[PDB]
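Have a look at the structure below, then the notes.
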Amino acid sequence: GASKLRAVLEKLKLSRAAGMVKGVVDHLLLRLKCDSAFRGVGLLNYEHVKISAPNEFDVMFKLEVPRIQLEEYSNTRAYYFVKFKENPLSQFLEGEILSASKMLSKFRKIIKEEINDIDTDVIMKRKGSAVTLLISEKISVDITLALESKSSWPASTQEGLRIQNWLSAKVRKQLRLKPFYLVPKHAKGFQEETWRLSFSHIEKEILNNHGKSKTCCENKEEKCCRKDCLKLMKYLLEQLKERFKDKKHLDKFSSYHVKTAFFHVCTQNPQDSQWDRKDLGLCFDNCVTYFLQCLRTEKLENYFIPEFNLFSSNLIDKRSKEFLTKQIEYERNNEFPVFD
Amino acid sequence: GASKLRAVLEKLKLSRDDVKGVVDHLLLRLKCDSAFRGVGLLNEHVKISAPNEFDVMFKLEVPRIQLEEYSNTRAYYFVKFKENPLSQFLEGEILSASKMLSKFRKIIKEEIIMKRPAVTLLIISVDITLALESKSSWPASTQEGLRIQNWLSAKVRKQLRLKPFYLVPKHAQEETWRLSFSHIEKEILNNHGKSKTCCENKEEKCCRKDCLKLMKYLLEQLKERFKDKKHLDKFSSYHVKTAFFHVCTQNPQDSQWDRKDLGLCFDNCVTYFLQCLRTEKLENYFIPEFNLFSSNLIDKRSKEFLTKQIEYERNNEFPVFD
Ligand SMILES: O=C(O)c1ccc2c3c(ccc(C(=O)O)c13)C(=O)NC2=O
Ligand SMILES: O=C(O)c1ccc2c3c(ccc(C(=O)O)c13)C(=O)NC2=O
Ligand SMILES: [Zn+2]
Ligand SMILES: [Zn+2]
Numbered sequence: 161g162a163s164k165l166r167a168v169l170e171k172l173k174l175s176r182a183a184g185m186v187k188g189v190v191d192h193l194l195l196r197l198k199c200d201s202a203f204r205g206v207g208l209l210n215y216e217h218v219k220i221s222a223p224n225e226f227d228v229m230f231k232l233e234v235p236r237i238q239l240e241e242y243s244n245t246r247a248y249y250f251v252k253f258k259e260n261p262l263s264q265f266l267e268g269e270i271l272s273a274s275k276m277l278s279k280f281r282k283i284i285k286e287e288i289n290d291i293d294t295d296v297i298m299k300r301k304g305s307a308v309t310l311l312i313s314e315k316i317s318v319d320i321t322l323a324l325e326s327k328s329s330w331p332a333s334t335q336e337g338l339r340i341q342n343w344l345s346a347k348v349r350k351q352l353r354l355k356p357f358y359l360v361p362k363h364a365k369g370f371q372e373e374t375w376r377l378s379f380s381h382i383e384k385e386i387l388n389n390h391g392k393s394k395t396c397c398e399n400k401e402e403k404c405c406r407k408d409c410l411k412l413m414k415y416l417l418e419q420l421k422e423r424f425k426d427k428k429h430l431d432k433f434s435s436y437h438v439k440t441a442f443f444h445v446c447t448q449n450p451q452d453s454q455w456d457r458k459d460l461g462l463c464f465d466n467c468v469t470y471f472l473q474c475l476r477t478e479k480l481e482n483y484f485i486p487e488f489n490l491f492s493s494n495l496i497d498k499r500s501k502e503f504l505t506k507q508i509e510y511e512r513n514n515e516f517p518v519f520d
Numbered sequence: 161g162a163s164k165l166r167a168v169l170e171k172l173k174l175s176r177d178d186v187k188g189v190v191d192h193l194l195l196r197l198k199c200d201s202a203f204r205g206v207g208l209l210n216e217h218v219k220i221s222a223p224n225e226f227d228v229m230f231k232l233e234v235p236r237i238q239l240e241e242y243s244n245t246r247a248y249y250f251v252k253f254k259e260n261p262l263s264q265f266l267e268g269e270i271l272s273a274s275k276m277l278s279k280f281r282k283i284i285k286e287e288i297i298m299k300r306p307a308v309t310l311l312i316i317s318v319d320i321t322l323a324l325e326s327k328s329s330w331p332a333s334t335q336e337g338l339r340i341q342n343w344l345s346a347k348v349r350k351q352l353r354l355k356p357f358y359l360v361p362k363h364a371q372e373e374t375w376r377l378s379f380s381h382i383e384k385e386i387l388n389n390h391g392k393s394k395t396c397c398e399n400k401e402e403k404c405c406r407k408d409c410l411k412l413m414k415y416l417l418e419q420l421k422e423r424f425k426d427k428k429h430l431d432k433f434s435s436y437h438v439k440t441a442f443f444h445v446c447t448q449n450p451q452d453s454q455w456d457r458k459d460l461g462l463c464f465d466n467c468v469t470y471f472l473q474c475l476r477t478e479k480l481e482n483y484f485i486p487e488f489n490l491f492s493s494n495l496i497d498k499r500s501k502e503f504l505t506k507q508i509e510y511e512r513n514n515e516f517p518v519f520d
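So the protein sequences, as listed, match chains B and A.
Residues 161 to 176, 182 to 210, 215 to 253, 258 to 291, 293 to 301, 304 to 305, 307 to 365, 369 to 520 in PDB author numbering are what the first sequence spells out, letter by letter.
Residues 161 to 178, 186 to 210, 216 to 254, 259 to 288, 297 to 300, 306 to 312, 316 to 364, 371 to 520 in PDB author numbering are what the second sequence spells out, letter by letter.
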């Protein structure tokens, strides 16, 4: 049944915009770099987090905080407090703690006064992880502020990134030498000054260099279907999320959940021969089945923070998971009509 | 036979089972000079037989450089610039390796047993080499080189080319700098298979590294044997390493390097090296139009001598390995 899938992959392919986004983010950086607190700001990598939203872009603004002290908040292995006029963030302390609210409030207010200078009509949507702009009433851009630390990764990541049997232990050591990032994200009436660990840069490298063989998808003999499986998994969720848009059931589910499950499947199937392009229908069925397992199990560990469960009941209602399960199982049983 | 090569590699590792942070003190006192403030390590032993001799590259970044090729020696270049800490060393618009080495050879003795690769410290021994670092894009002579696309992938080829390249003081004309990629060579060797997990599990154990070790040991032993003769004087472990890289391009798949076939793979490396001698062609792996085996560089009689000696060794189960 791969014919209906690659039909979807061809239709999704013809979304082949950025430039009006580039000019806005470039103008935003030029002004943001004039502030002492945001002097070292810069782009991380335009990224299409949603596969079926060509008018939705996503950028990450990085800003290094040299020599910080991360204090874990109440054993939530992903949320941390940030500790440290030698610090240019001196206007944002709430004691010894970097205030995420104040740091975000100024970041938001600078962009507000900066989208008005532009020729091009830009609107900031109303109000964490941070600001969304509306370029010319058609294209929306989500900007996320990310603290950068070039220090070694927190101890909660020690057992994560289990890519040794797939991308090798040597690659795993190399990626862990790269910096990590912290995004302002409240934690569960919420601790409003916490930051969540972020490895979006590592996730990019893993996706765009994804085979056991270094030449995977570089010749016809080693062409795998890893990327297509993730694309279809994202399209499925987006279609269902939009189909049941005003039932609120699928609100808390996002492409990161689907992307996390896909990484775990990559660990369980480390050989390129398990992802042969002629097996797209089977491979996709196994990806859908595994995601369904995480739903029924209420266990989807963060790929980098294994003790952080993305599908715990404290984060996502069991009813919402049961609803996602029923919808996905109906689709898979009936050859995915939501793709049409 | 094949058991003789495994025995040699076995003795080579006992030879290295049992090193000096002296160099860390050198860069302490060397970084305090104005012209050498951007100094540091780059990463080794060329002589695999005697591990009592080390080799270091002292990297020094040279920001605004424009390279001009010297009479189409696609490896050698004059370094000019486009406040300047090395203003002491200019001989006009070009940068003098003579005065830089002299000042570099002045503080090695000042802040010190030096020996006038620029210097040699006797502790053990370490060959210190001065290298200019350039973060610019590689010269046009490297365009058709690093042919690793069918082996380590085109993607990897693009990542390594973004890394800086280096220039060492090398005679050709006496103020020329030769291209150096000892850092890329290091990565290519310590990350050598088509599979990223090559040599990380018994199922994917290749013999690439051992074929290079035996090739280096074969040349070093023959060079010692005929030391009183001058035939093998200009052959070096870098020639052996370069030939091994081209053999890797020729045999990209890991299945062509199964450690069960050490004898077959090693004979492949010998055969190709032999072919480079008879035809007098051994291109630099990064600079293809630079032939390390040209008749201008090495005597044909010298090549034919090494050819006949290695041919004797291969025909008698390599008694050089006893
Ligand atoms: O789509 C999102 O909101 C989202 C984006 C990125 C990330 C996450 C994470 C957890 C939950 C969500 C979410 O709330 O869905 C999410 C996470 O642990 N690491 C991320 O990098
Ligand atoms: O062993 C050496 O002398 C040596 C070391 C390193 C290099 C070279 C090169 C050419 C010739 C020799 C040599 O003359 O043998 C050599 C070269 O093109 N690139 C090198 O990186
Ligand atoms: Zn692939
Ligand atoms: Zn190997």
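Backbone N, C-alpha and C fix where the C-beta goes; we use that ideal spot for every residue, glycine too.
Endpoints, the alpha helix (DSSP H) within which residue i is located
i	result
B:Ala273	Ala273 to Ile288
B:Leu416	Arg406 to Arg423
residue 181 of chain A	Between 178 and 186 the numbering of chain A has a gap, and residue 181 of chain A falls inside it, with no coordinates.
B:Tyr470	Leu460 to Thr477
A:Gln351	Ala346 to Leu354
B:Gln507	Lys498 to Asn513
A:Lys252	Segment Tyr248 to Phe253 is the beta strand (DSSP E) holding A:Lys252; no alpha helix (DSSP H) there.
B:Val186	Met185 to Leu197
Start-to-end residues for the beta strand (DSSP E) that takes in residue i
i	result
A:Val308	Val308 to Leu311
B:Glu325	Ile316 to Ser326
A:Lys173	First-last for A:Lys173: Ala162 to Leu174, but that is the alpha helix (DSSP H), not the beta strand (DSSP E).
A:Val438	Premise fails: A:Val438 lies in the alpha helix (DSSP H), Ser435 to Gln448, not in any beta strand (DSSP E).
A:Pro361	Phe357 to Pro361
A:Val228	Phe226 to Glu233
A:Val206	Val206 to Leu208
B:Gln238	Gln238 to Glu241
B:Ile270	Premise fails: B:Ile270 is in no beta strand (DSSP E) and is neither H nor E.
B:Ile297	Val296 to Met298
Alpha-carbon spacing of residue i relative to residue j, whole angstroms
i	j	result
B:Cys199	B:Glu373	25 Å
B:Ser274	B:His390	37 Å
B:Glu402	A:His444	23 Å
A:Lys355	A:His381	9 Å
A:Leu495	A:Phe230	27 Å
A:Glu509	A:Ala247	31 Å
B:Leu480	B:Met413	15 Å
residue 366 of chain A	B:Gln238	Between 364 and 371, chain A has no modelled residues, and residue 366 of chain A is one of the positions in that gap.
B:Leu193	B:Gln419	33 Å
A:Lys506	A:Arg457	28 Å
B:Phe464	B:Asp426	28 Å
A:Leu417	A:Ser434	8 Å
A:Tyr436	A:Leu430	13 Å
B:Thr395	A:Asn449	14 Å
B:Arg353	B:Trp330	7 Å
A:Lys285	A:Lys362	22 Å
A:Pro235	A:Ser201	15 Å
A:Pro306	A:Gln473	29 Å
A:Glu216	A:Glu233	21 Å
A:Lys421	B:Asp408	56 Å
B:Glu515	B:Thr469	14 Å
CB-CB length for residue i against residue j, believed under 8 Å
i	j	result
residue 292 of chain B	B:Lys315	Because residue 292 of chain B lies between 291 and 293, and chain B jumps straight from the first to the second, it has no atoms in this structure.
B:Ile312	B:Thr294	7 Å
B:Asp452	B:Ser393	6 Å
A:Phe471	A:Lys164	With a Cβ gap of about 18 Å, A:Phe471 and A:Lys164 do not count as contacting.
A:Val318	A:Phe226	4 Å
Check: residue i C-beta below 8 Å from any heavy atom of ligand 6
i	result
B:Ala307	Annotation note on ligand 6: not contained in the displayed structure, which lists ligand 1, ligand 2, ligand 3 and ligand 4 as its ligands.
Q. At a Cβ cut of 7 Å, what residues of the segment 377 to 404 of chain B count as close to chain A, listed as they run along the chain?
A. For the segment 377 to 404 of chain B, which is checked against every Cβ of chain A, the residues closer than 7 Å are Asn389, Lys392, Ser393, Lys394, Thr395 and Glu398.
Q) Just by C-beta distance, which residues in the segment 325 to 345 of chain A are closer than 9 Å to chain B? A) For the segment 325 to 345 of chain A, the set of residues with a beta-carbon nearer than 9 Å to any beta-carbon of chain B comprises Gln341, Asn342, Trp343, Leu344 and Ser345, in chain order.
Q) At a Cβ cut of 8 Å, what residues of the segment 346 to 358 of chain A count as close to chain B, listed as they run along the chain? A) Going along the segment 346 to 358 of chain A in chain order, one finds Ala346, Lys347 and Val348 with a Cβ nearer than 8 Å to chain B.
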